[PDB]
Amino acid sequence: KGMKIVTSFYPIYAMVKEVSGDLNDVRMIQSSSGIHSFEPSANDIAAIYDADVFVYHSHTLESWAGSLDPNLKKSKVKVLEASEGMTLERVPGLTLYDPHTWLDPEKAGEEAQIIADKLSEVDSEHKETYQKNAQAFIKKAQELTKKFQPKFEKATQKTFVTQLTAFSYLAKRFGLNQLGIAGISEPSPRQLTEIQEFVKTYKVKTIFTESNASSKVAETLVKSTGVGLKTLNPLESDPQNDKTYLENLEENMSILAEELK
Ligand SMILES: [Zn+2]
Ligand SMILES: [Zn+2]
Ligand SMILES: [Zn+2]
Ligand SMILES: [Zn+2]
Ligand SMILES: [Zn+2]
Ligand SMILES: [Zn+2]
Ligand SMILES: [Zn+2]
Ligand SMILES: [Zn+2]
Ligand SMILES: [Zn+2]
Ligand SMILES: [Zn+2]
Ligand SMILES: [Zn+2]
Ligand SMILES: [Zn+2]
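In structure tokens form, the structure reads like this:
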């Protein structure tokens, strides 16, 4: 029992719980369905306003976080932006940035260090603990990287196609390249030829889709490309299981390393 913390979505909950080292109680706004386009409910906003601290990933994703001001209401709350001053990257083809930072383990460690630095500024008593826990995270996240950097170096092919384009940072970590499919749901006889040419050019043996994807899109994908489907998890929603955040990242990069080697 300590500071009452409430987080936006899963990865923030996980990072705050790993940095806090169970020093205090942490909760998460239960974001039904999508977190990428979601404005909070009455209970959620009222409960974050009655909490010791509420932390969110970035203003480029949780736009509704900047609409808060405890000074003009119940002001028990400290609003922390876990990714303040991080180096995000514009989206190709165009100001909009790609907020999917947390999928890169080293960038996840960067965000965890920021979280620890901002949480020790609010909880002096236990700063030595925060800085400690985070510094262990950085180590693990580092080890993980060194575990996969070589097998992705030996990787024959370094490109993967996905229905969910949320892995730019994970790809840049290991020198890979992600691409997207240009057919969504009933494709034309011309779009079919184009997709065949695309699958040929890039020698695509498998198309990746969001975890718990819809069946209607998977069916048309398999029918249009002619290849099987594997699953990648953006961790936008807590996959209820007993695995640690870095283990959930290792899962994604294991799937990738198997497909590419
Ligand atoms: Zn208290
Ligand atoms: Zn989604
Ligand atoms: Zn997303
Ligand atoms: Zn910001
Ligand atoms: Zn950075
Ligand atoms: Zn001290
Ligand atoms: Zn404390
Ligand atoms: Zn490195
Ligand atoms: Zn399903
Ligand atoms: Zn869990
Ligand atoms: Zn491991
Ligand atoms: Zn899993």
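Per this note's numbering, the sequence shown starts with residue 34, numbered consecutively.
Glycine included, every Cβ here is placed at the ideal spot set by N, Cα and C.
If I'm right that residue i touches residue j with Cβ under 8 Å, what's the distance once you round it to whole angstroms?
| i | j | result |
| --- | --- | --- |
| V52 | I148 | 5 Å |
| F207 | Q229 | Actually they are not in contact, since the Cβ atoms of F207 and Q229 sit about 28 Å apart, beyond 8 Å. |
| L293 | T189 | 7 Å |
| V39 | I68 | Contact flag wrong, Cβ pair sits at about 14 Å. |
Tell me which residues share the same chain as residue i and place their Cβ nearer than 6 Å to its Cβ, disregarding the 5 neighbours each side in the sequence.
| i | result |
| --- | --- |
| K165 | none |
| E122 | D131 |
| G35 | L56, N57 |
| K111 | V86, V155 |
| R60 | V39 |
| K151 | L113 |
With a threshold of 16 other CB atoms inside 10 Å of the CB of residue i, please say whether the residue is buried or exposed.
| i | result |
| --- | --- |
| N285 | buried |
| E144 | buried |
| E72 | exposed |
| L136 | buried |
| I217 | exposed |
| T226 | exposed |
Can you list, in chain order, the residues of its chain with a C-beta nearer than 8 Å to that of residue i? Leave out the 5 residues immediately preceding and following it.
| i | result |
| --- | --- |
| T242 | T195, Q196, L197, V250, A251, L254, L262, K263, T264, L265 |
Mind checking whether the beta-carbon of residue i lies closer than 8 Å to any heavy atom of ligand 1?
| i | result |
| --- | --- |
| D85 | yes |
Is the closest heavy atom of ligand 4 to the C-beta of residue i under 8 Å?
| i | result |
| --- | --- |
| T128 | no |
| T264 | no |
| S41 | no |
Would the C-beta of residue i count as close to ligand 9, meaning under 8 Å from any of its heavy atoms?
| i | result |
| --- | --- |
| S270 | no |
Does the beta-carbon of residue i, which I'm using as the reference point, lie nearer than 8 Å to any heavy atom of ligand 5?
| i | result |
| --- | --- |
| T120 | yes |
| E143 | yes |
Quick one: does the C-beta of residue i sit closer than 8 Å to a heavy atom of ligand 8?
| i | result |
| --- | --- |
| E139 | yes |
Is any heavy atom in ligand 6 found nearer than 8 Å to the beta carbon of residue i?
| i | result |
| --- | --- |
| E154 | no |
| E161 | yes |
For ligand 3, any of its heavy atoms closer than 8 Å to the Cβ of residue i?
| i | result |
| --- | --- |
| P267 | yes |
Cβ-heavy atom distance between residue i and ligand 2 below 8 Å?
| i | result |
| --- | --- |
| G67 | yes |
| Where the beta carbon is closer than 7 Å to any heavy atom of ligand 7, which residues qualify, in chain order? | Put simply, the residues with a CB less than 7 Å from any heavy atom of ligand 7 are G35, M36, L56, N57, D156, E158, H159, in chain order.
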